[PDB]
Amino acid sequence: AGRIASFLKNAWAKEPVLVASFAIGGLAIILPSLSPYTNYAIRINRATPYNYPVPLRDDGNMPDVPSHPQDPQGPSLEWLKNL
Amino acid sequence: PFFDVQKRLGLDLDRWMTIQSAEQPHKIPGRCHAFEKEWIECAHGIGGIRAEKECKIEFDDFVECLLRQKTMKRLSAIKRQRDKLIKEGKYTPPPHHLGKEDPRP
Amino acid sequence: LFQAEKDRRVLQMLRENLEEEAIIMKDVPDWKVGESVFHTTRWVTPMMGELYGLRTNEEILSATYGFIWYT
Amino acid sequence: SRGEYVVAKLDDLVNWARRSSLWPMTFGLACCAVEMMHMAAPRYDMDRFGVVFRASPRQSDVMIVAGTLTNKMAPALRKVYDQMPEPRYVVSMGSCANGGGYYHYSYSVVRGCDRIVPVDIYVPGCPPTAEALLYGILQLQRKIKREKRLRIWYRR
Amino acid sequence: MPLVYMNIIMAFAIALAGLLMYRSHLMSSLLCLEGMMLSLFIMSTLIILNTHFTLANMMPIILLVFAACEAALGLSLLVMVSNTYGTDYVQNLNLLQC
Amino acid sequence: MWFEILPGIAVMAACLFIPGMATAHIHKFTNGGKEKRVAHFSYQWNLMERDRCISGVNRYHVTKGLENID
Amino acid sequence: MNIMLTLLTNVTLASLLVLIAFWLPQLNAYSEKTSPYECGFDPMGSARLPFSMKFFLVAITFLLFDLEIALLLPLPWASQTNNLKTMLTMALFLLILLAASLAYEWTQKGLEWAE
Amino acid sequence: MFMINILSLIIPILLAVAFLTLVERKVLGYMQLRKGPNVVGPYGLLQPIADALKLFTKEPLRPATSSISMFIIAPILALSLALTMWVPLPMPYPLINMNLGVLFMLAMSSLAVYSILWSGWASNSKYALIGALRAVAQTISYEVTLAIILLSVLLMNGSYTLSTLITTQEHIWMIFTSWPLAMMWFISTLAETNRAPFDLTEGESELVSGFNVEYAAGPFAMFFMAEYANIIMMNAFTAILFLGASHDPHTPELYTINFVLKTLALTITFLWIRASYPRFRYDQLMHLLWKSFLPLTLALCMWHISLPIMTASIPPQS
Amino acid sequence: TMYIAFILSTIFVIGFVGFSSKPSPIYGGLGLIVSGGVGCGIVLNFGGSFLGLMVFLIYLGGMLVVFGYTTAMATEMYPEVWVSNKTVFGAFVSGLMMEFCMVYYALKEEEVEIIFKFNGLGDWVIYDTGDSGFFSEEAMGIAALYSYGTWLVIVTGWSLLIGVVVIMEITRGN
Ligand SMILES: COC1=C(OC)C(=O)C(C/C=C(\C)CC/C=C(/C)CC/C=C(\C)CC/C=C(\C)CC/C=C(\C)CC/C=C(\C)CC/C=C(\C)CC/C=C(\C)CC/C=C(\C)CCC=C(C)C)=C(C)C1=O
Ligand SMILES: CCCCCCCCCCCCCCCCCC(=O)OC[C@H](COP(=O)([O-])OCC[N+](C)(C)C)OC(=O)CCCCCCCCCCCCCCCCC
Ligand SMILES: CCCCCCCCCCCCCCCCC[C@@H](O)O[C@H](CO[C@H](O)CCCCCCCCCCCCCCC)COP(=O)(O)OCC[N+](C)(C)C
Ligand SMILES: CCCCCCCCCCCCCCCCC[C@@H](O)O[C@H](CO[C@H](O)CCCCCCCCCCCCCCC)COP(=O)(O)OCC[N+](C)(C)C
Ligand SMILES: CCCCCCCC/C=C\CCCCCCCC(=O)O[C@H](COC(=O)CCCCCCC/C=C/CCCCCCCC)COP(=O)(O)OCCN
Ligand SMILES: CCCCCCCCCCCCCCCCCC(=O)OC[C@H](COP(=O)(O)OCCN)OC(=O)CCCCCCCCCCCCCCCCC
Ligand code: SF4
């Protein structure tokens with residue numbers, strides 16, 4: 001650890017720009033895999049309706065597909081409302 | 001010559017981009033999606049020789065959708081005939097084609 | 001609503017283009033009015049000249065370049 | 001006359017611009033150049049009057065010949081004067097530029113820059129004070145104010 | 001085909017004829033080589049935008065990337081030739097014979 | 001003194017005010033006192049064209065409503 | 001249409017300014033006035049002779065890095081996709097390869113001008 | 001009415017350029033303990049008018065060795081692009097509203113590079129050629145760094161529309177969000193506009209006026225106008241991009257006043273820097289960007305790619 | 001119609017005629033910049049704003065390096081312009097005449113070249129009636145370079161890095 005400490009001390013005294021550059025790059029690589037909000041960002045991108053929601057022809061055996069938009073069935077954005 | 005590593009390993013390196021009827025972002029349809037789908041479905045599993053002999057009608061429709069040659073031929077013929085007719089005063093365009101109407105909403 | 005309006009407008013423009021084509025191409029020896037250039041009978045979307053073919057240059061320009069040139 | 005009035009007003013407008021925008025060339029030869037720096041200095045700021053140094057002769061209206069003109073230097077002075085586009089003016093500053101100065105009877109000194117270039121103003125002194133050079137610049141401005149090129153042309 | 005494609009293909013042919021007919025400089029040949037890829041870019045994007053081949057819109061960018069890779073290669077070879085001979089003339093590249 | 005610089009900066013600011021205010025006034029003038037419609041997409045352009053068609057005067061900014069449907 | 005009109009207006013105004021500049025004032029040209037400028041003395045050589053370029057390698061690296069920035073520019077739209085992890089991995093891969101190119105050139109002394 | 005709007009965008013820009021010349025004279029004078037122009041008019045307000053009349057009534061000459069065609073085209077291109085860069089700026093309403101308004105400005109700047117190159121090469125003089133090559137090197141360095149910095153900052157925004165920039169900066173400022181990129185962007189705009197300490201193409205100390213050494217009378221005035229228009233346009237772009245102003249749709253004059261004040265502040269900062277610092281060497285400028293800004297620029301680009309994803313703060317596409 | 005696309009295509013061909021007649025690299029670069037800008041205009045009319053701006057920016061950056069190189073490596077005492085040389089003027093005039101002949105023939109009749117068949121009608125005719133909504137199809141397709149096209153990104157990045165290594169190795173000398 002002493003060698004690493006000496007190297008970092010010398011680099012911070014000679015190339016602080018490079019030290020900061022590598023630190024920021026390393027944080028950029030590592031942090032997204034640990035943040036719990038990456039899945040939230042994915043879900044927010046999914047929740048955006050760019051195209052028309054084409055309806056399904058009811059076969060009488062689709063209990064999880066709402067008959068009307070305001071019916072309790074279907075995806076919920078209540079999590080996004082309070083975020 | 002052709003080593004089908006993609007088919008052997010189950011990978012997908014450029015087959016997503018080979019044709020315009022495949023999965024497009026935001027499900028954006030191609031200009032000739034229906035014609036290309038029909039031609040591909042006709043020609044699937046019969047090889048090149050039979051595909052060229054037997055799916056010729058589907059391929060001709062696909063090429064017509066792509067390039068629009070017969071359509072432009074018809075349009076040019078109609079334009080030339082209309083210009084000749086109005087040159088000698090034998091044709092009078094209607095007001096809805098002359099810009100004196102209210103179009104549909 | 002806009003889907004229904006678009007379909008009705010497209011069909012009306014096609015119908016009036018067909019009427020004008022019947023009026024014009026009446027002395028042409030071999031010419032069938034409304035003949036398709038596709039072997040299939042499936043509905044095929046008009047390109048740009050099937051709709052705005054026999055219309056004014058202002059309408060043609062608006063339909064073909066109005067969005068791109070709107071700044 | 002209407003034409004005479006118009007030309008008088010127009011050439012008053014043109015002379016005002018040239019008088020109020022003077023751009024001396026960055027060209028100093030000897031000790032007289034230090035007084036040009038002191039005229040540029042905060043005490044006698046020449047930038048107040050619209051007098052601004054430009055390095056290139058193509059972008060200069062006034063050539064302030066400030067210092068001794070030697071035989072080895074006279075061709076360069078004439079070359080830069082020729083490269084200055086018209087209208088152009090010359091202010092010879094100090095004794096060396098005016099006549100010979102301390103070096104009048106010398107084998108290597110041109111006795112006056114007026115042998116080489118047409119001089120409009122002569123500023124005496126060795127060196128002239130910054131106030132003296134500023135008075136010379138103002139006298140040049142008043143000389144420009146009297147020019148009547150359009151008035152001559154109308155009667156031409 | 002419209003006349004626009006005809007013009008683009010004609011421009012490509014003109015650029016190809018320019019490259020195959022050297023005059024003195026190697027740099028002019030490199031400029032002709034860069035023009036060919038510009039015409040290819042324009043033609044490919046015109047074709048792709050017209051048929052709404054959405055996933056093919058990334059192809060012209062890869063075309064540009066390898067275009068400028070070739071331009072970099074040509075510039076490097078040109079500087080080496082200039083260092084050797086003093087000029088970028090194609091006449092000096094005559095040591096090897098067929 | 002340093003406040004002799006202010007008239008020049010004031011004139012420069014007065015010159016820089018003109019473009020933006022002029023553009024805003026012209027946008028409101030040519031659009032019936034409302035903002036110029038922003039059509040960044042085909043949907044917005046189609047909306048503008050529909051507004052032109054339904055207006056009956058070939059101007060998209062002439063808005064019609066309930067009094068026009070009935 | 002609007003952008004074409006704007007470009008035409010700008011070009012026409014600039015051309016009118018040039019035309020006024022070259023025709024309004026009195027002209028008096030001779031050989032000495034129009035000779036090239038070299039601080040008062042005649043130039044020894046010609047300005048068309050080759051001018052050595054001590055940063056020739058940095059220019060080519062600039063071409064390649066210009067390609068890299070062209071690749072990176074569509075990132076704002078790529079961040080709206082559902083494959084956020086793949087998008088992030090590819091963007092970081094491109095940036096790391098650009099950094100690796102810079103580091104290789106820097107350590108191999110490609111950024112040092114020729115002496 | 002569109003021609004009227006074009007005129008309202010053009011003529012005030014030229015007037016602001018002339019009075020920026022006057023303002024720079026006076027600010028440099030007062031920082032150098034002088035007064036600056038105060039004799040020509042009331043507080044020297046007629047000095048730019050006198051300068052313009054003098055320049056355009058002076059004789060312009062074409063050098064004997066020059067290529068006349070590219071000698072004339074270069075000032076025309078410079079002034080045309082300087083005036084053109086203003087058309088997509090929202091104050092608060094752009095004259096021409098572009099979906100990709102930033103890449104347009106990048107492309108037009110890269111084209112504005114060639115005016116000085118062609119003027120220097122056409123002049124057929126050694127000082128002009130040296131200035132042109134200095135321009136080549138400077139544009140290399142600042143161009144790559146500018147591209148990446150703009151990419152990251154707009155990545156915090158969501159798109160390439162300046163109106164969307166206003167909407168983004170409704171609440172706080174991009175300077176508060178991303179100040180390191182703001183510092184590097186300010187330096188890059190100095191380099192791009194050829195202002196001190198990076199005024200190397202027209203460096204009077206080493207070269208006699210640099211690339212426009214042979215230009216006189218009107219064609220010189222056009223280069224000066226183009227440079228000052230670029231200065232003001234870059235400062236306005238910086239103010240829009242990093243110092244966001246509140247926008248009221250019913251009374252847009254407030255946004256115009258705030259935008260103008262911030263633009264003037266940044267332009268005065270440019271003049272202040274010119275009065276305060278020495279001049280770089282062009283090799284030192286090239287080594288400054290590639291060896292200092294480019295590593296930090298890449299690291300901050302990675303950081304600003306990752307930050308919206310890891311914080312679930314991805315901006316809307318439209 | 002307004003024939004804007006056809007006029008811009010003609011200007012594209014004229015710029016190619018210029019830099020292919022090859023007066024000298026300065027004027028070749030000038031013609032190539034003009035052609036790039038006009039091609040940007042063409043693809044802007046066809047729909048691709050990002051692609052037009054990108055090709056324009058890339059060629060503006062590339063021609064900057066070419067100017068620095070032709071100032072250093074590829075310059076002569078009297079650089080050649082189109083009217084300066086008989087060969088250059090002959091090639092330029094031949095290209096212009098061929099382009100004008102093709103344009104005239106296409107306008108007067110449906111010109112079928114020895115290679116391809118071209119129909120003289122509307123570039124507006126060939127366009128599509130359909131529309132997208134609240135997104136740009138071109139922008140989405142280009143942005144799909146990262147989600148889709150992971151292989152293309154890999155090969156492109158490897159090529160760029162190897163290009164840096166190569167240009168460093170070629171110019172090594174010694
Ligand atoms: C030779 O040894 C030496 C000396 O000597 C012995 C010396 O002394 C010194 C001492 C000198 C110094 C220390 C400094 C000298 C060196 C320098 C390089 C000079 C330094 C000076 C500065 C840094 C600041 C001074 C300012 C300068 C240099 C800028 C120059 C100014 C211009 C070029 C201005 C010209 C441009 C203009 C006017 C803009 C163009 C005009 C317009 C755009 C206006 C047009 C408007 C319209 C068209 C609109 C009209 C329409 C309207 C109004 C409405 C109409 C509407 C309708 C509807 C019709 C030294 C060092 C020395 O070594
Ligand atoms: C190419 C551009 C065309 C479009 C131009 C659009 C408007 C341009 C606006 C800017 C004008 C810039 C100059 C401003 C005025 C100051 C300069 C000036 O007065 O210049 C005028 C110039 C002046 O000539 P000069 O060369 O002596 O200029 C010196 C001017 N002073 C003294 C002020 C420095 O006039 C002429 O050249 C012509 C004068 C009469 C002789 C006529 C000769 C015949 C050809 C022209 C007439 C038409 C013939 C028709 C029949 C042909 C077939 C037989
Ligand atoms: C820039 C865009 C182009 C503009 C085109 C011209 C537009 C009009 C330009 C504005 C004209 C300003 C004239 C300024 C008048 C001079 C001020 C006054 O001080 O001058 C006095 C009078 O000046 C002259 O007698 C005449 C000057 C100009 C008089 C009017 C000329 C015509 C103007 C109207 C026509 C303009 C439009 C026509 C052309 C397009 C003499 O004082 P002066 O000795 O110096 O000062 C010495 C300093 N001291 C006092 C401290 C010692
Ligand atoms: C390891 C093998 C070594 C011998 C072979 C070497 C050959 C060169 C190295 C090739 C390595 C990569 C090959 C595999 C490419 C995977 C492409 C794709 O199938 O996987 C992607 C998965 O990507 C992963 O995130 C990781 C990609 C690779 C990460 C970088 C690897 C760099 C190694 C190569 C270095 C450069 C050298 C290349 C030349 C030698 C796609 O995932 P997905 O989410 O479904 O995409 C969404 C598509 N949708 C929208 C249709 C659903
Ligand atoms: C893999 C994750 C990072 C991803 C990329 C990082 C972003 C981009 C940064 C890379 C760009 C290129 C890097 C180039 C590095 C080598 C260049 C070099 O040769 O440097 C030498 C060698 O000098 C050094 O000291 C090497 C740099 C050492 C920096 C590495 C430090 C590692 C950082 C660890 C993070 C520790 C966290 C501390 C946080 C502190 C606060 C931020 C000095 O240069 P000279 O040639 O002397 O200059 C010219 C003089 N005539
Ligand atoms: C309300 C309606 C409008 C009212 C105002 C109308 C006029 C406005 C101004 C228009 C432009 C000027 C028109 C021409 C003025 C007369 C010029 C002239 O003929 O000058 C000839 C003369 C040449 O000298 P000469 O006597 O021939 O001697 C031969 C050489 N040994 O002398 C010269 O050549 C003298 C040198 C200078 C000549 C050019 C400058 C004349 C005045 C121009 C003022 C405006 C400048 C604008 C500049 C552009 C904008 C910034
Ligand atoms: S006149 Fe006097 S002060 Fe001036 S240069 Fe001569 S010796 Fe020096």
# chains A, B, ... in the order shown; residues from 1 in each chain; ligands from 1
>>> residues_near_ligand(ligand="ligand 7", cutoff="7 Å", atoms="only C-alpha atoms and all ligand atoms", output="list in words")
residues 30, 31, 32, 66, 67, 68, 94, 95, 96, 97, 101, 102, 125, 126 and 127 of chain D
>>> write_last_selection(atoms="C-alpha atoms", output="PDB file, in the first residue's frame")
ATOM      1  CA  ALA D  30      15.351  56.261 -32.858  1.00  0.00           C
ATOM      2  CA  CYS D  31      15.022  58.161 -29.572  1.00  0.00           C
ATOM      3  CA  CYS D  32      12.100  60.157 -30.984  1.00  0.00           C
ATOM      4  CA  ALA D  66      10.380  59.644 -35.813  1.00  0.00           C
ATOM      5  CA  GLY D  67      14.135  59.212 -35.828  1.00  0.00           C
ATOM      6  CA  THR D  68      17.225  59.314 -37.980  1.00  0.00           C
ATOM      7  CA  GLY D  94      12.257  65.644 -34.489  1.00  0.00           C
ATOM      8  CA  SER D  95      15.351  67.260 -35.950  1.00  0.00           C
ATOM      9  CA  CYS D  96      16.730  64.075 -37.530  1.00  0.00           C
ATOM     10  CA  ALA D  97      13.578  63.535 -39.567  1.00  0.00           C
ATOM     11  CA  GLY D 101      19.633  66.943 -36.872  1.00  0.00           C
ATOM     12  CA  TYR D 102      22.803  66.230 -34.938  1.00  0.00           C
ATOM     13  CA  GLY D 125      12.470  69.310 -31.179  1.00  0.00           C
ATOM     14  CA  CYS D 126      15.113  66.804 -30.075  1.00  0.00           C
ATOM     15  CA  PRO D 127      12.932  65.037 -29.109  1.00  0.00           C
TER      16      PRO D 127
END
>>> residues_around(residues="residue 112 (chain D)", least_positions_apart="3", cutoff="12 Å", atoms="only C-alpha atoms", output="VMD selection string")
chain D and resid 65 to 71 74 91 to 105 109 115 to 119 122
>>> residues_near_ligand(ligand="ligand 6", cutoff="10 Å", atoms="only C-alpha atoms and all ligand atoms", output="short mmCIF file (atom, residue, chain, number, x, y, z; two decimals) with N, CA, C and O atoms, in the first residue's frame")
data_model
loop_
_atom_site.label_atom_id
_atom_site.label_comp_id
_atom_site.auth_asym_id
_atom_site.auth_seq_id
_atom_site.Cartn_x
_atom_site.Cartn_y
_atom_site.Cartn_z
N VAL D 6 -24.63 70.27 -51.68
CA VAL D 6 -24.53 68.83 -51.45
C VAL D 6 -23.07 68.40 -51.39
O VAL D 6 -22.68 67.61 -50.53
N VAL D 7 -22.24 68.90 -52.31
CA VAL D 7 -20.84 68.48 -52.32
C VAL D 7 -20.11 69.03 -51.10
O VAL D 7 -19.25 68.36 -50.53
N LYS D 9 -21.45 69.55 -48.10
CA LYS D 9 -21.83 68.71 -46.97
C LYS D 9 -21.17 67.34 -47.06
O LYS D 9 -20.69 66.80 -46.05
N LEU D 10 -21.11 66.75 -48.26
CA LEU D 10 -20.54 65.42 -48.41
C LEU D 10 -19.05 65.42 -48.08
O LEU D 10 -18.56 64.52 -47.40
N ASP D 11 -18.31 66.42 -48.57
CA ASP D 11 -16.88 66.43 -48.29
C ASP D 11 -16.55 66.99 -46.91
O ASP D 11 -15.42 66.83 -46.46
N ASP D 12 -17.51 67.63 -46.24
CA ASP D 12 -17.36 67.86 -44.81
C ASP D 12 -17.53 66.56 -44.04
O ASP D 12 -16.84 66.32 -43.05
N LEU D 13 -18.47 65.72 -44.47
CA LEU D 13 -18.65 64.42 -43.83
C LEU D 13 -17.43 63.53 -44.03
O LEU D 13 -16.99 62.85 -43.09
N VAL D 14 -16.88 63.50 -45.24
CA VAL D 14 -15.75 62.62 -45.52
C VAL D 14 -14.50 63.09 -44.78
O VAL D 14 -13.75 62.27 -44.23
N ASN D 15 -14.26 64.40 -44.76
CA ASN D 15 -13.10 64.91 -44.04
C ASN D 15 -13.22 64.69 -42.54
O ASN D 15 -12.20 64.48 -41.87
N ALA D 17 -14.55 62.08 -41.04
CA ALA D 17 -14.18 60.70 -40.75
C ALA D 17 -12.67 60.52 -40.75
O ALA D 17 -12.11 59.89 -39.84
N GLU D 86 -3.89 55.17 -50.16
CA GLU D 86 -4.29 56.56 -50.12
C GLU D 86 -5.71 56.72 -49.59
O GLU D 86 -6.54 55.82 -49.75
N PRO D 87 -6.03 57.86 -48.96
CA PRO D 87 -5.18 59.02 -48.67
C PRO D 87 -4.22 58.77 -47.52
O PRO D 87 -4.57 58.15 -46.53
N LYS D 148 -10.80 69.99 -49.71
CA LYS D 148 -12.07 70.04 -50.45
C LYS D 148 -11.90 69.30 -51.78
O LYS D 148 -11.84 69.92 -52.85
N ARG D 149 -11.95 67.97 -51.71
CA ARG D 149 -11.78 67.17 -52.91
C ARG D 149 -13.04 67.17 -53.75
O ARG D 149 -12.99 67.36 -54.97
N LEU D 150 -14.19 66.97 -53.11
CA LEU D 150 -15.45 67.01 -53.85
C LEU D 150 -15.75 68.42 -54.33
O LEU D 150 -16.32 68.60 -55.42
N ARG D 151 -15.39 69.43 -53.55
CA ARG D 151 -15.62 70.81 -53.98
C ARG D 151 -14.73 71.15 -55.18
O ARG D 151 -15.16 71.90 -56.07
N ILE D 152 -13.50 70.63 -55.21
CA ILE D 152 -12.68 70.81 -56.40
C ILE D 152 -13.26 70.05 -57.58
O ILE D 152 -13.30 70.56 -58.71
N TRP D 153 -13.72 68.82 -57.36
CA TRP D 153 -14.23 68.00 -58.45
C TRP D 153 -15.48 68.59 -59.08
O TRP D 153 -15.66 68.53 -60.30
N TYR D 154 -16.37 69.15 -58.26
CA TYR D 154 -17.60 69.72 -58.80
C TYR D 154 -17.30 70.87 -59.75
O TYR D 154 -17.94 71.01 -60.80
N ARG D 155 -16.32 71.70 -59.41
CA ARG D 155 -15.89 72.79 -60.27
C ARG D 155 -14.88 72.36 -61.31
O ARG D 155 -14.39 73.20 -62.07
N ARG D 156 -14.53 71.08 -61.36
CA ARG D 156 -13.56 70.57 -62.31
C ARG D 156 -14.20 70.31 -63.67
O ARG D 156 -14.88 71.17 -64.22
N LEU G 16 -22.49 43.33 -51.57
CA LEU G 16 -22.71 44.76 -51.75
C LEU G 16 -21.66 45.57 -51.00
O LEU G 16 -21.19 46.60 -51.50
N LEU G 17 -21.30 45.14 -49.79
CA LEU G 17 -20.26 45.84 -49.05
C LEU G 17 -18.94 45.81 -49.81
O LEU G 17 -18.24 46.82 -49.91
N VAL G 18 -18.58 44.64 -50.36
CA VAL G 18 -17.34 44.55 -51.14
C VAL G 18 -17.40 45.46 -52.35
O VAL G 18 -16.44 46.17 -52.67
N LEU G 19 -18.54 45.46 -53.06
CA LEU G 19 -18.67 46.28 -54.25
C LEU G 19 -18.54 47.76 -53.93
O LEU G 19 -17.88 48.50 -54.66
N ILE G 20 -19.18 48.21 -52.85
CA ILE G 20 -19.05 49.60 -52.44
C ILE G 20 -17.60 49.91 -52.07
O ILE G 20 -17.07 50.98 -52.41
N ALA G 21 -16.94 48.99 -51.37
CA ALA G 21 -15.56 49.22 -50.95
C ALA G 21 -14.63 49.36 -52.14
O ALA G 21 -13.71 50.18 -52.12
N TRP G 23 -15.40 50.35 -55.24
CA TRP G 23 -15.81 51.25 -56.31
C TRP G 23 -16.01 52.68 -55.84
O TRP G 23 -15.81 53.62 -56.61
N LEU G 24 -16.41 52.86 -54.58
CA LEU G 24 -16.60 54.21 -54.06
C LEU G 24 -15.32 55.02 -53.99
O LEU G 24 -15.31 56.16 -54.49
N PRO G 25 -14.22 54.54 -53.41
CA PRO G 25 -13.05 55.40 -53.21
C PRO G 25 -12.24 55.61 -54.48
O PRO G 25 -12.35 54.86 -55.46
N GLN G 26 -11.42 56.65 -54.45
CA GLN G 26 -10.50 56.93 -55.54
C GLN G 26 -9.37 55.91 -55.55
O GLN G 26 -8.78 55.61 -54.51
N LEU G 27 -9.07 55.38 -56.73
CA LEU G 27 -8.07 54.34 -56.90
C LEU G 27 -6.83 54.92 -57.57
O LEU G 27 -6.95 55.68 -58.54
N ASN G 28 -5.66 54.57 -57.05
CA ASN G 28 -4.40 54.96 -57.66
C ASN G 28 -3.40 53.85 -57.35
O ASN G 28 -2.80 53.84 -56.27
N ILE H 49 -18.60 55.19 -36.04
CA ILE H 49 -19.09 55.74 -37.30
C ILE H 49 -17.94 56.38 -38.08
O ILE H 49 -17.82 56.18 -39.30
N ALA H 50 -17.09 57.14 -37.39
CA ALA H 50 -15.93 57.72 -38.06
C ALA H 50 -15.02 56.64 -38.62
O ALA H 50 -14.56 56.74 -39.76
N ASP H 51 -14.77 55.58 -37.84
CA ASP H 51 -13.91 54.50 -38.31
C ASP H 51 -14.49 53.82 -39.54
O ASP H 51 -13.77 53.54 -40.50
N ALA H 52 -15.79 53.53 -39.52
CA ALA H 52 -16.41 52.85 -40.65
C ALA H 52 -16.38 53.70 -41.90
O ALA H 52 -16.05 53.21 -42.99
N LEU H 53 -16.71 54.99 -41.78
CA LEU H 53 -16.66 55.87 -42.94
C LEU H 53 -15.24 55.98 -43.49
O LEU H 53 -15.04 55.93 -44.70
N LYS H 54 -14.26 56.12 -42.60
CA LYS H 54 -12.87 56.22 -43.05
C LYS H 54 -12.45 54.96 -43.79
O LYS H 54 -11.84 55.03 -44.87
N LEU H 55 -12.76 53.79 -43.23
CA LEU H 55 -12.35 52.54 -43.85
C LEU H 55 -13.00 52.36 -45.21
O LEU H 55 -12.34 51.95 -46.17
N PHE H 56 -14.29 52.67 -45.33
CA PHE H 56 -14.95 52.40 -46.60
C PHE H 56 -14.77 53.52 -47.62
O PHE H 56 -15.12 53.33 -48.79
N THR H 57 -14.23 54.68 -47.22
CA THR H 57 -13.80 55.67 -48.19
C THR H 57 -12.32 55.60 -48.50
O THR H 57 -11.85 56.32 -49.38
N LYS H 58 -11.57 54.75 -47.80
CA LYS H 58 -10.17 54.54 -48.14
C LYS H 58 -10.03 53.58 -49.32
O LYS H 58 -10.91 52.77 -49.60
N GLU H 59 -8.90 53.68 -50.00
CA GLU H 59 -8.64 52.88 -51.19
C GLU H 59 -8.27 51.45 -50.82
O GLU H 59 -7.34 51.24 -50.04
N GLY H 218 -12.10 48.51 -47.14
CA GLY H 218 -13.32 47.79 -46.88
C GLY H 218 -13.16 46.32 -46.54
O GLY H 218 -13.73 45.84 -45.55
N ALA H 221 -12.30 45.91 -43.00
CA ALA H 221 -13.43 46.18 -42.12
C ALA H 221 -14.35 44.98 -42.03
O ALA H 221 -14.94 44.74 -40.97
#
>>> residues_near_ligand(ligand="ligand 5", cutoff="8 Å", atoms="only C-alpha atoms and all ligand atoms", output="PyMOL selection string")
(chain A and resi 8+10-12+14-26+29) or (chain G and resi 95-96+99-104+106-107+109) or (chain H and resi 291+294-300+302)
>>> closest_atom_pairs(of="region 38-66 of chain I", to="region 17-37 of chain E", cutoff="10 Å", atoms="only C-alpha atoms", output="Markdown table")
| residue | atom | partner | partner_atom | distance |
| --- | --- | --- | --- | --- |
| I:59 | CA | E:34 | CA | 9.1 |
| I:62 | CA | E:34 | CA | 9.5 |
| I:63 | CA | E:31 | CA | 9.0 |
| I:66 | CA | E:27 | CA | 8.3 |
>>> select_by_dssp(residues="chain E", states="alpha helix (DSSP H)", output="PyMOL selection string")
chain E and resi 3-20+26-51+59-85
>>> residues_around(residues="residue 31 (chain C)", least_positions_apart="6", cutoff="12 Å", atoms="only C-alpha atoms", output="list in words")
residues 74, 77, 78 and 81 of chain B; 21, 22, 24 and 25 of chain C
>>> write_last_selection(atoms="C-alpha atoms", output="PDB file, in the first residue's frame")
ATOM      1  CA  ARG B  74     -48.563   5.840 -65.670  1.00  0.00           C
ATOM      2  CA  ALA B  77     -48.496   9.243 -69.432  1.00  0.00           C
ATOM      3  CA  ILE B  78     -51.423  10.957 -67.702  1.00  0.00           C
ATOM      4  CA  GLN B  81     -52.035  13.494 -72.183  1.00  0.00           C
TER       5      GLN B  81
ATOM      6  CA  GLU C  21     -58.267  10.124 -65.330  1.00  0.00           C
ATOM      7  CA  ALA C  22     -61.441   8.678 -66.840  1.00  0.00           C
ATOM      8  CA  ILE C  24     -58.758  12.563 -69.789  1.00  0.00           C
ATOM      9  CA  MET C  25     -57.697   9.082 -70.948  1.00  0.00           C
TER      10      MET C  25
END
>>> interface_residues(of="chain F", to="chain H", cutoff="8 Å", atoms="only C-alpha atoms", output="PyMOL selection string")
chain F and resi 1-2+4-5+7-9+11-13+15-24+26+30+40
>>> closest_residue(among="H:72, H:166, H:113, H:275", to="ligand 1", atoms="only C-alpha atoms and all ligand atoms")
H:275
>>> atom_distance(atom1="atom 7 (C, counted along the ligand's line) of ligand 1", atom2="CA of residue 123 (chain H)")
26.8 Å
>>> atom_distance(atom1="CA of residue 71 (chain B)", atom2="CA of residue 138 (chain I)")
26.3 Å
>>> decode(residues="region 94-98 of chain E", atoms="C-alpha atoms", output="compact mmCIF listing (two decimals), in the first residue's frame")
# COMPACT_ATOMS: atom_id res chain seq x y z
CA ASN E 94 8.98 4.37 -60.40
CA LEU E 95 11.71 2.31 -58.70
CA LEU E 96 9.66 -0.90 -58.95
CA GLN E 97 8.83 -2.14 -62.44
CA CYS E 98 6.42 -4.70 -63.88
